[PDB]
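Presented below, as structure tokens, is a lone chain in the form solved without the named molecule.
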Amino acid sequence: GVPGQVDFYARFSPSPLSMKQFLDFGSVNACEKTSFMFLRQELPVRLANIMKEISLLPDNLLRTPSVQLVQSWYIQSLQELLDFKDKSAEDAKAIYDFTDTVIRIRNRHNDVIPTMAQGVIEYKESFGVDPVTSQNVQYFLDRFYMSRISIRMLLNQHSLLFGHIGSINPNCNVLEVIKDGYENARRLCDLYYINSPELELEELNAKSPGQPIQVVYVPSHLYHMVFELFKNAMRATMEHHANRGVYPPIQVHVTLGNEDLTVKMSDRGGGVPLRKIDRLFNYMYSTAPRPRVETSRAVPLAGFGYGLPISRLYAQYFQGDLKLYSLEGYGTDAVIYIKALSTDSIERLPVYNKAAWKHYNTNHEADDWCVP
């Protein structure tokens, strides 16, 4: 029945699109029939591939009310999409009903990321950290959230085009997005610490010096990354210098190279030893019950969610990256790497196959080197 439908579409691989393909589609032609033909196969494929991995979760995580709800959302969206498998692209009502279904699914899935995060909280609350499964949880959540980002991208594009090119800005003003992230992080910082660091912004357009720095990008993806990084930099700065009462600025250097757009953000917030860096990207370590609604107390800036690992997934989604390197006792740099060329910006998508299944059913240990 439903397992048969999931198995049929999970056999296929997701088909990654480049940023240029996204852009070229909705610019001139903007054919709703073309989007239909692509999505009536691609959305089921992407839903079914990730649904096979939901089923491999540790039972105590799978059985949580929040994961069960997310899975039921995916099952329902998949079934609604499969009703168009045999309908005709020339059937105008079918096209109309499909665009309507895309919008319905988009709203149904609006809360997937925090609901999944709620399931990890429920799991951690009632069973604790399990070192065997916890490697599988980290593997799953990277892939589930990257998958969700890609599905969200497809739904948003179709919804905006048929309900700036979709959510893509062909001329994203990088420094304006950065200032926007700074000001919103600073507002939260003032509310919590009653003070905040200044911003020092430097830019270099090596490609065309003195010219504004723009790229083809999804602005909300860039906003999410820099906003989350600013909150982490500010938290570290405010807590490390609380005794002094003088707070060093946060420095940002933006560079457009022949190939890389890089955003480097630097703080003097006291740093982190190298041994402790990676837990900042670990979902289980970052999982804590969420701030309560019934209080006027300010919300903490960082350490209370998945802002950082999800930021890195945004960077990696279009073949970029997000790296942290810290000098313990001094401060920390974060570097966002983005492809400067739209033709290099290709979706990075997980695929369910024997290799993926093997990851859930194997111990991963470096037995060819001596134990440290």
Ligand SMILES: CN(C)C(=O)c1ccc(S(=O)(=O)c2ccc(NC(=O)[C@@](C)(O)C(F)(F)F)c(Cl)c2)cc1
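Residue positions are given as counts along the sequence shown, with the first one as 1. Residues that one form lacks are left out of the comparison. Under this definition, the rigid core comprises the largest set of C-alpha atoms superposing within 1.5 Å between the forms.
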Worksheet item: Would you say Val28 goes unmodelled in a third or more of the other compared entries?
Response: yes
Worksheet item: Is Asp368 unbuilt in at least a third of the other PDB entries compared?
Response: no
Worksheet entry | Between neighbours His164 and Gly163, residues that the deposited sequence lists but the model omits | 10 or more
Worksheet, complete the sentence: Entry B factor averaged over C-alpha atoms, 50-58 against 29-37: higher for 29-37
Worksheet item: What stretch has the higher average Cα B-factor here, 231-239 or 101-109?
Response: 101-109
Discussion item. Comparing recorded Cα B-factors across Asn205, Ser126, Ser72, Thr262, which one is largest?
Written reply: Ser126
Fill in: Selection by C-alpha B-factor (highest) of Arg148, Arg297, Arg275, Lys87
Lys87
Discussion item. Split into thirds by Cα B-factor across the chain's modelled residues, where does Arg186 land: lowest, middle or highest?
Written reply: middle
Response to the item:
Binned into thirds over the chain's modelled residues, the C-alpha B-factor of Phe144 lands in the lowest
Fill in: Entry-reported Cα temperature factor of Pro289, expressed as the chain third it lands in
highest
Worksheet entry | For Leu17, the third of its chain into which the C-alpha B factor falls | middle
Worksheet item: C-alpha B factor of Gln214, ranked within the chain: lowest, middle or highest third?
Response: middle
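One more form of this protein exists, namely the form deposited with the named molecule bound; it is left out here, but the text below deals with it.
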Discussion item. Given the pose of the named molecule in the deposited bound form, superimposed onto this structure around the site, is the binding site open or blocked (3 or more ligand atoms closer than 2.4 Å to backbone or C-beta atoms counts as blocked)?
Written reply: open
Practice prompt. With the named molecule left out here, work out from 336-344, 30-38, 64-72, 51-59 which stretch has heavy atoms within 4.5 Å of it in the deposited bound form.
Written response: 30-38
Fill in: Candidate from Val215, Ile95, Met284, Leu161 lying within 4.5 Å of the named molecule in the deposited bound form - any heavy atom
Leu161
Worksheet item: Does every residue of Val137, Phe140 and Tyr360 put a non-hydrogen atom within 4.5 angstroms of the named molecule in the deposited bound form?
Response: no
Discussion item. Although the partner isn't part of this model, could you tell me whether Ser147 comes within 4.5 Å of the named molecule in the deposited bound form, counting any heavy atom of the residue?
Written reply: no
Worksheet entry | Exercise: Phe22 in contact with the named molecule in the deposited bound form, heavy atom 4.5 Å | yes
Worksheet item: Would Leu154 count as a contact of the named molecule in the deposited bound form, using a 4.5 angstroms cut-off between non-hydrogen atoms?
Response: yes
Worksheet item: Is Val351 close enough to touch the named molecule in the deposited bound form, meaning at least one heavy atom pair within 4.5 Å?
Response: no
Worksheet item: Considering only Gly26, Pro309, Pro58, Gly305, which residue exhibits a C-alpha shift of no less than 2 Å between the shown form and the other one, with the rigid core used for superposition?
Response: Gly305
Worksheet item: Do the C-alpha atoms of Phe304 and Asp111 sit closer or farther apart in the deposited bound form than they do here, given a shift of 3 Å or more?
Response: closer
Practice prompt. Once you account for a change of 3 Å or more, let me know if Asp111 and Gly305 sit closer or farther in the deposited bound form, using their C-alpha atoms.
Written response: closer
Worksheet entry | Segments of at least three residues whose Cα atoms shift by 2 Å or more between the shown form and the other one, after superposing on the rigid core | 303-305
